[PDB]
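Right, one structure below, let's go through it.
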Amino acid sequence: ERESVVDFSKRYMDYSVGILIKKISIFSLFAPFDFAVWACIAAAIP
Amino acid sequence: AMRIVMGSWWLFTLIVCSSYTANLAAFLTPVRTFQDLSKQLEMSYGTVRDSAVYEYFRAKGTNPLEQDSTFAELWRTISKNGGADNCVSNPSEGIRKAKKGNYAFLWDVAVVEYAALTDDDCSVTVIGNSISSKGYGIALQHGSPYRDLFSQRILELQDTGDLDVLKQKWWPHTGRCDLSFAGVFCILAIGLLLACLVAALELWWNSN
Amino acid sequence: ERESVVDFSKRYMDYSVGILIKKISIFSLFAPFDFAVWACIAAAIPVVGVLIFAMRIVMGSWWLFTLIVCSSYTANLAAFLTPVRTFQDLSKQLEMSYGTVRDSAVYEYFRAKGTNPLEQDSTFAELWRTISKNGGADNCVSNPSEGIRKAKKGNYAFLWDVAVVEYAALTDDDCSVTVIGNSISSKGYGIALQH
Amino acid sequence: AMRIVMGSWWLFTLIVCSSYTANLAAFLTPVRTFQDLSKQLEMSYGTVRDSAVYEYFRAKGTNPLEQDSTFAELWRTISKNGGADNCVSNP
Amino acid sequence: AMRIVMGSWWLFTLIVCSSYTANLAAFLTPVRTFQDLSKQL
Amino acid sequence: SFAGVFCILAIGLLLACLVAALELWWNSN
């Protein structure tokens, strides 16, 4: 609409939209199976 | 003889111990989305209602004839309740609500450029976007003859890049913030405990 | 220079250039770690192998009956991740010897982008050195005819402005090479007027 | 003596690589898909144009207040050329 | 003669090792009873 | 599931029968 009422200088750049989001070891082995039942294996071989 | 039979039982124990260790370490491949069409499946965005970022892709949400489908999907994702309980008033409201909610805030690139550097904790991340949405302009009244030589001075320094060079100046671009191994170490001190007990038994039986 | 003689008006498009005709291994073993973990494993055993003088060290040897298991998991998944990886223009900036349209603004502007340390994204002085072969006197094209003339055979690339890419790949029956991701805005195509 | 050391403990790693090759292929593994919104992620759906639900799911494609994200995308699946292409005119 | 005799164990084991490693993975990849006929017990 | 069983079955019977034809003939010699 403002084109019809006033003139405009030319581009320096183009508009683009922006997006902001928020920001190997044995821990891999030892999270999904618990350390206590990791220790349970040392009982039957006794 | 029958020494062997019960030892054949501690087999399948360790078979299962092989097996669970084999399996679930594979399954670990929590966000894997880096673009707009990627971040479609990530619930809501955070925006300003009835805004220039809103109404433009609202208008592209009323364009049904092309199969882009990134846009109107997310638009009617946030057009629920007529836009109510989807949006904020100003982007000053969307800072911590994006930080403490399911929103990814959507705005100009250069604003988010500024907003990323202004986090002491630096707990944010911008993702890329290279699109042909709009341009930028500056108004001047009819009969003001300044337009051509203004844009001469625009196209000179943009074709020498100097406008973005000064944008690199007052806004830095190199990033203000930034932008297996355990078991082999684990056996080391265990072996050092071994050699400790060896020298312990060395002086133990030197004394014996 | 064209504005200094005649009036313009706003743009509509972008532009690009290049050369266009047509077009199970060990590495996936190495995908989570590689090339030095295979070296770090080689040091623990000789240390105990000079640590001779009985049962006691071998628990570190039966520790391999646990360690190698970790190695025994770490492969295979790489197949789920997906020849040549043409994935960027910067991936082309490692590939030596490509050229493009001479005697032109695209011949000009990345050598003009090649004169600032502040503007260098480590892509375009590289790219001027990429086209710098044969003194420039044999790297360059001038036509889509020259594009079909100059080979894709050699460490080369796929680029033009998309309207001619959509033209040429349609005239070809292959859809042979993939285009790069690139958005350019310093010049482009608009509509000129008169003062 | 010592060649038989390393060629054996190489064949070790080789057959281990075979074990990976061996188990690997069965694991991506008649159709796994039984309904739309995932059949709408499948190649080549069309149907009879100018039906009643051709109009109704078009109108639900202009219903953002109530939507299950299937019908508007199943709509634009077949709404190409204003609905013209890949839409059949008889049984 | 007897390399055919002693040799079997590992060669045969391959079927088993591939077997349990085959069905290993996809274990992890009212909520099972859905029908009215499912409810009858 | 089931299709790898009879193969290694009858192969295991097969090389068994090859040595079975071998040994009684060499015992006859």
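Protein chains in written order, with the deposited numbering: chain A, 505 to 527, 532 to 554; chain B, 609 to 637, 644 to 793, 810 to 838; chain C, 505 to 527, 532 to 561, 609 to 637, 644 to 756; chain D, 609 to 637, 644 to 705; chain E, 609 to 637, 644 to 655; chain F, 810 to 838.
All residues carry an ideal CB built from backbone N, CA and C; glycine is no exception.
Item	Value
Against E/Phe620, what residues of chain F qualify as contacts under a CB-to-CB distance less than 9 Å, listed in chain order?	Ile817 and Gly821
Report the rounded CA-to-CA distance for C/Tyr516 versus B/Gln766, giving the unit in angstroms.	18 Å
Could you tell me whether the Cβ of A/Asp518 comes closer than 9 Å to any Cβ of chain B?	yes
Who are the near neighbours of B/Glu656 in its chain, counting only those whose CB is closer than 6 Å to its CB and skipping five residues on each side?	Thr647
With 16 other CB atoms within 10 Å as the buried threshold, where does D/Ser693 fall?	buried
Report the rounded CA-to-CA distance for B/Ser810 versus B/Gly715, giving the unit in angstroms.	35 Å
Closest Cβ-Cβ distance between E/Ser652 and chain F: below 9 Å?	no
Specify the secondary structure class of E/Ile623 as computed by DSSP and reduced to three states.	helix
Does any residue of chain E bring its CB to less than 9 Å from the CB of D/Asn631?	yes
Check this for me: beta carbons of B/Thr739 and B/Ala729, under 9 Å apart or not?	no
What did DSSP end up calling C/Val667 once you bin it into helix, strand or coil?	helix
Helix, strand or coil for C/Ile549? Go by DSSP, reduced to three states.	coil
Quick one: is D/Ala686 buried, meaning 16 or more other Cβ sit within 10 Å of its Cβ, or exposed?	buried
Please decide whether D/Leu636 counts as near chain C, where near means a Cβ-Cβ distance under 9 Å.	yes
Looking at chain D, is there any beta carbon in it that lies within less than 9 Å of the beta carbon of C/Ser616?	no
Distance check for E/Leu651 and E/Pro644, CA to CA, integer angstroms please.	12 Å
Looking at chain A, is there any beta carbon in it that lies within less than 9 Å of the beta carbon of C/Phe535?	no
With three or more C-beta pairs closer than 8 Å as the rule, is the segment 512-527 of chain A touching the segment 748-760 of chain B?	yes
Could you compute how far the alpha carbon of B/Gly660 sits from the alpha carbon of B/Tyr717?	5 Å
Which term fits C/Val521, buried or exposed, when burial requires 16 or more other beta carbons within 10 angstroms of its beta carbon?	buried
Give the residues of chain A in contact with C/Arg506, contact being defined as C-beta atoms less than 8 Å apart.	Going along chain A, no residue has its Cβ under 8 Å from C/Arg506, so there is no contact; the nearest lies around 13 Å.
Rounded to whole angstroms, what is the Cα-Cα separation between C/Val725 and C/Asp518?	12 Å
How is the alpha helix (DSSP H) around B/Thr647 delimited, first residue to last?	Where B/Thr647 is concerned, there is no enclosing alpha helix (DSSP H), given that its DSSP letter is neither H nor E.
Can you round the beta-carbon distance between B/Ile817 and C/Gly615 to whole angstroms, since I take them to be within the 8 Å contact cut?	5 Å
Alpha carbon to alpha carbon, how far is C/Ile560 from C/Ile553?	12 Å
In the DSSP output, what is B/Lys748 paired with across the bridge?	A/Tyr519
In angstroms, rounded to a whole number, what distance separates the CA positions of B/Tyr668 and C/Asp722?	30 Å
Mind checking residue 808 of chain B: buried by the 16 CB within 10 Å criterion, or exposed?	Chain B lacks coordinates between 793 and 810, the interval that contains residue 808 of chain B.
Tell me the DSSP secondary structure of B/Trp618 in three-state form.	helix
Looking at the strands, I want to know which residues DSSP matches up with B/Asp733.	For B/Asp733, which the question treats as bridged, DSSP gives no partner whatsoever.
Which residues, in chain order, does the segment 682-695 of chain D contribute to contact with chain B at a C-beta distance below 8 Å?	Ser683, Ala686, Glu687, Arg690, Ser693 and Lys694
Give the interface partners of B/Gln782 over in chain A, defined as CB-CB distance under 8 Å, in chain order.	The premise fails here: B/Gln782 is roughly 13 Å from chain A at the closest Cβ pair, so nothing lies under 8 Å.
Determine the chain C residues that contact A/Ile523 at a beta-carbon separation under 8 Å, and present them in chain order.	In chain order: nothing, as chain C lies at least about 16 Å away.
Measure how close the beta-carbons of A/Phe541 and B/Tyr628 come, nearest whole angstrom, since I'm counting them as under 8 Å.	6 Å
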